[PDB]
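**Q** Below is a structure I'd like to ask you about.
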Amino acid sequence: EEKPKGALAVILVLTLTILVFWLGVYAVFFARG
Amino acid sequence: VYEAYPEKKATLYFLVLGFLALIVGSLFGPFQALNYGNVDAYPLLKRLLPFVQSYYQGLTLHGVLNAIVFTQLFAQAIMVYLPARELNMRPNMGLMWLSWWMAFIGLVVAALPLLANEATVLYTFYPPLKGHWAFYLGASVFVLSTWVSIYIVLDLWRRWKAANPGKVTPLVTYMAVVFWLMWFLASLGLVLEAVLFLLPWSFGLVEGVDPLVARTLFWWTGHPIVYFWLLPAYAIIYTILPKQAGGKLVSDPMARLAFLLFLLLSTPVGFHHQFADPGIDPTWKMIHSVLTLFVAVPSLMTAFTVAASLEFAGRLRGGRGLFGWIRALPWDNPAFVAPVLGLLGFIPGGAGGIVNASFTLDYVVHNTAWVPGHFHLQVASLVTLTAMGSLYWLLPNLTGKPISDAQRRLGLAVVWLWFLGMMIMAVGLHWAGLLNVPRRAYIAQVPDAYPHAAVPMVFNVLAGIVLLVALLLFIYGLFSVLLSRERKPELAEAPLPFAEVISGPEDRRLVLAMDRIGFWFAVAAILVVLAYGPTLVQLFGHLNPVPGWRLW
Amino acid sequence: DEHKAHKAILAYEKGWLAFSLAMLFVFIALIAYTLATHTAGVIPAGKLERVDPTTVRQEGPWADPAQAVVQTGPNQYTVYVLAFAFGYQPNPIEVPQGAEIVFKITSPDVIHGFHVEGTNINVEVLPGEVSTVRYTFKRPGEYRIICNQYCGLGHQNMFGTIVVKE
Ligand code: HAS
Ligand code: HEM
Ligand code: CUA
Ligand SMILES: [Cu+]
């Protein structure tokens, strides 16, 4: 058949879970600069 | 099962020994998890095990066993036994047993001082902290054994290549090969650090060692080493898990690519541990930083290859729409569950490491409880769960002693509890780390020092209970799997559940380039000279050896 | 089936990487950025700067705690700190506010860690080498110090105070 969404799904949570974590520490980074 | 796969026997010993170490080491897990909850349960431990002198004797033992000994022994098992089974070849049995003894006699020597409060320096053993001569010599013999594991597997490879002139390296073996090579280049740091320094010192032959060069050489290795811990899981996850999941490994080329990239990018990234070090150029730090983001790539690749396989699996197991396929998988089988929940904890473990990895952003968290929080999702969760939840297909395959219903459900408990229990620790530890609680400290012996972390200290208390239970339920498991006097008239000649690997045309072109293992190994070596070359050469001309100290 | 899913895997495994790479590049672009700005002061100095730990507090800048702080620019003060088995000298370190404080730190025994709770001053201190770092305390008050590299049995109890006067 076709497209692997469950994969795309997972590599989504992942991609957001990255962001939060990163961008998030970037915050605290400046808050402390 | 013995005199036609004595490769089975010798493989089993790397596992058993592997698992002894893990037990003895994890004992301290609870007391430390409780410590980061401001509960001081060390008076107990100390009374229960009378040899323990300090919290830090336990940290040493925890780290040195769970992360140097259990891992290396598990790696050695999977990364020799799996390739040997695919090729259906017996590895050089001398050199296979040499190795084993090399790790045993290694471990016994190293433990002698460790257990005697004579080397309480932690698994990083940073100079000028100066341990007993037998701890350095010990760890040294323990590591060099991996060099025989290299030779042995390179040989299997050579031999298969001889009887298939032209043909492409089969999958599991290609994986195991780039792995051993990558570990060989990686191991050179610590082997050098030993031979040129820690041994000389510890014996008496010199009186000083240079902290910057030592922690530098050392880190050229202790990043690769975590990839060394992971890949044997990664092997299992790509080439065995797909089968038990009900589906197929959906790509051979990505599996190789992903592994290649590890060969390429695992070694030149150690200034990711030295971001807070003096006497190392910002230019070179920022360089290593980027190549560290570059090493996220394989693991990112993997998520999608693996996610794909397990969706496929699902779509076959009788799956459904957006989510359904997850419900569908063999959730009553500890061997599927363990490494899947593993991957689950890996998702956030990875977003720690990218944050970790990124220079300026690393002084938010370096040496806080975040790093333990980070790595526990990596190595104590996934790598360990995979290892754990794999006794259930590998141990029957190594003894011909089948697994019951009682044990299959015992496992399922051990597994689900080791998972959430870790998960919970990882909320606490990440959270305390943000709130600036440091790693490596007996902080429950300063009750008032961190009042503003009351909340996550609950999690850390809770983890330590949950996870104590888990561990004992595990020892219960492991010993039952292995002592029941049951022996099957056939299942030992019922091999590893290797997976069907989707493939076709375009693969040949892409696969062939990757099967150029000499060329990529050479690139890798060159990469390393570039990255550590100018820094090393600079330090070595400007050596500043300081005397040693025992502060325990 | 079967092969209708050996192309279509690769298809979006490409697409994923384009996105993996662009993204990691944005990080690289945002990290690159912090280099250009003030926050970069906390990156140690790259230049080797060797000393002798067995003398360090009995001659040169690390000898007397009452000398730790020297004026060095039009708005700049250098502070020569000492991390040592289970303490920091001076204790407390006294510094002015809103002035570019330039710490020079070393140890006489083992490695310790120098971590100014509330800021990014998170530098590893190493025997024989000198850890140079630059920060400006914009908001005054009492800042605590934690040794966050294990240094022996009194590690849990190794704290300092930074005193930013105004
Ligand atoms: C085995 C253990 C190792 C794993 C591997 C690991 C992964 C990474 N780490 Fe790390 N690490 C760092 C950077 C990384 C990066 C970039 C990665 C990458 O490998 C991350 C890659 C992972 C991903 C990109 C996530 C992929 C997600 C997957 C693959 C899950 C898929 C899930 C599915 C498919 C679900 C399917 C099922 C369903 C039901 C849906 C840095 C900084 O650059 C530090 C320094 C901190 C400091 O200041 O000292 C660090 C600190 C440590 C330490 C402390 C060492 C010490 O004692 O000083 C250890 C032991 C460690 C281990 C490990 N680390 N790390
Ligand atoms: C019983 C489950 C476990 C618990 C409850 C536990 C708990 C902990 C805690 C709280 C720490 C941090 C203590 C500190 O900051 O000094 C720690 C350290 C560590 N743990 Fe675990 N752990 C467990 C299992 C494991 C396993 C299986 C591994 C390896 C595969 C592992 C690897 C490590 C490493 C590498 C450190 C760093 C030690 C150091 O800083 O020298 N842990 N453990
Ligand atoms: Cu000084 Cu820990
Ligand atoms: Cu690393």
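Per Swiss-Prot, chain B residues shown: 11-562, in order.
Determined via X-ray crystallography, 2.9 Å.
The backbone N, Cα and C atoms fix where each Cβ goes, and this holds for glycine too.
Taken from Swiss-Prot, the feature Fe(II)-heme a binding site covers B:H72, B:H386. According to Swiss-Prot, the feature transmembrane segment maps to B:74-94, B:105-125, B:144-164, B:187-207, B:227-247, B:267-287, B:300-320, B:345-365, B:385-405, B:420-440, B:471-491, B:527-547 (among others), an assignment based on sequence analysis. The feature Cu cation binding site is assigned by Swiss-Prot to B:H233, B:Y237, B:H282, B:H283. Summarising the annotation, Swiss-Prot assigns heme a3 binding site to B:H384 and lists a curator's inference as the type of evidence.
Show me how these features fit into the shown structure, please.
**A** For B:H72 (Fe(II)-heme a binding site), the count of additional Cβ atoms within 10 Å of its Cβ stands at 20 [all protein chains shown].
For the transmembrane segment (B:187-207), the residues of the chain that approach it from at least six positions outside its boundaries are 89, 93, 137, 146, 149-150, 153-154, 156-157, 159-160, 163-164, 167, 179, 219-220, 223-224, 227-235, 237-238, 241-242, 245, 269-270, 272-273, 276-277, 280, 527, 530-531, 534-535, 538, judged by C-beta separation under 8 angstroms.
The list of residues near the transmembrane segment (B:227-247) in space but at least 6 beyond its ends in sequence, with Cβ under 8 angstroms from a Cβ of it, reads 77, 81-82, 84-85, 87-89, 92, 134, 136, 182, 185-186, 189, 192-193, 195-203, 206-207, 268-269, 272, 276-277, 279-284, 305, 312, 316, 349, 352-353, 385, 388-389, 392-393, 396-397, 400, 538, 542, 546.
Using a 10 Å radius centred on the Cβ of B:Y237 (Cu cation binding site) and all shown protein chains, the other Cβ atoms total 22.
Here the transmembrane segment (B:300-320) has Cβ contacts under 8 Å with residues 237, 244, 247-248, 251-252, 255, 257-261, 264-265, 267-269, 271-272, 275-276, 278-279, 282, 335, 339, 350, 353, 357, 360, 363-364, 367-368, 541 of the same chain, all six or more residues outside its ends.
Taking the Cβ of B:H384 (heme a3 binding site) as centre and 10 Å as the limit, one finds 24 other Cβ atoms among all the protein chains shown. DSSP assigns B:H384 (heme a3 binding site) to a helix.
Listed as Cβ neighbours of the transmembrane segment (B:527-547) (distance under 8 Å, sequence separation of 6 or more from its ends, same chain) are residues 179, 187-188, 191-192, 195, 223, 226-227, 230, 270, 273-275, 277-281, 290-291, 294, 297-298, 301.
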**Q** Among B:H233, B:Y237, B:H282, B:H386, the binding-site residues in the record, which have a C-beta under 6 A from ligand 4?
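**A** Once distances to ligand 4 are taken from each Cβ, B:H233, B:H282 fall under 6 Å.
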**Q** Does the transmembrane segment (B:385-405) come close to the transmembrane segment (B:471-491), meaning at least 3 CB pairs under 8 Å for residues 6 or more apart?
**A** yes
**Q** How about long-range neighbours of the transmembrane segment (B:74-94): same chain, 6 or more residues beyond its ends, C-beta under 8 Å?
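**A** Residues 17-18, 21, 24-25, 27-29, 31-32, 34-36, 100-101, 106, 109, 113, 117, 120, 124, 132-133, 149, 152-153, 155-156, 159, 162-163, 166-167, 182-183, 185-187, 189-190, 238-239, 241-242, 245-246, 249, 389-390, 393-394, 397, 506.
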**Q** Quick test of the contact rule: Cβ under 8 Å, at least six residues beyond the ends. What residues does that give for the transmembrane segment (B:385-405)?
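**A** Sequence-distant neighbours of the transmembrane segment (B:385-405): 25, 28, 32, 76-77, 80-81, 84, 236, 239-240, 242-243, 246-247, 250, 254, 343-349, 351-353, 355-356, 358-359, 362-363, 411, 413, 418, 421, 424-425, 428-429, 432-433, 435-436, 439, 484, 487-488, 491-492, 506-507.
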**Q** Fewest other CB within 10 angstroms, which one of the binding-site residues B:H282, B:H386?
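**A** Fewest other Cβ atoms within 10 Å, among the binding-site residues B:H282, B:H386, is found for B:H282.
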**Q** Of B:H72, B:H233, B:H386, which binding-site residues come close to ligand 1, meaning Cβ under 6 Å from one of its atoms?
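**A** Result: none.
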**Q** For the transmembrane segment (B:105-125), find every same-chain residue at least 6 residues outside the stretch whose CB is under 8 Å from a CB in it, and list them.
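**A** Same-chain residues near the transmembrane segment (B:105-125) but 6 or more away: 17, 20, 23-24, 27, 31, 61, 67, 70-71, 74, 79, 82-83, 86, 90, 141-142, 144-145, 147-155, 158-159, 161-162.
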**Q** Including all protein chains shown, what's the count of other C-beta atoms within 10 A of the C-beta of B:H283 (Cu cation binding site)?
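**A** So the number of other Cβ atoms within 10 Å of B:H283 (Cu cation binding site) is 22.
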**Q** In the same chain, which residue numbers or ranges, 6 or more beyond the ends of the transmembrane segment (B:345-365), come under 8 angstroms Cβ to Cβ?
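**A** Counting only partners 6 or more residues beyond its ends, the transmembrane segment (B:345-365) has Cβ contacts under 8 Å with 243, 246-247, 251, 254-255, 303, 306, 309, 313, 316, 320, 339, 371-372, 374-375, 380, 383-388, 391-393, 395-396, 398-400, 402-403, 421-422, 425-426, 429, 432-433, 436, 440.
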**Q** Which of the binding-site residues B:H72, B:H384, B:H386 has its Cα closest in space to the Cα of B:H282 (Cu cation binding site)?
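**A** Checked the binding-site residues B:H72, B:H384, B:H386; minimum Cα distance to B:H282 (Cu cation binding site) goes to B:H384.
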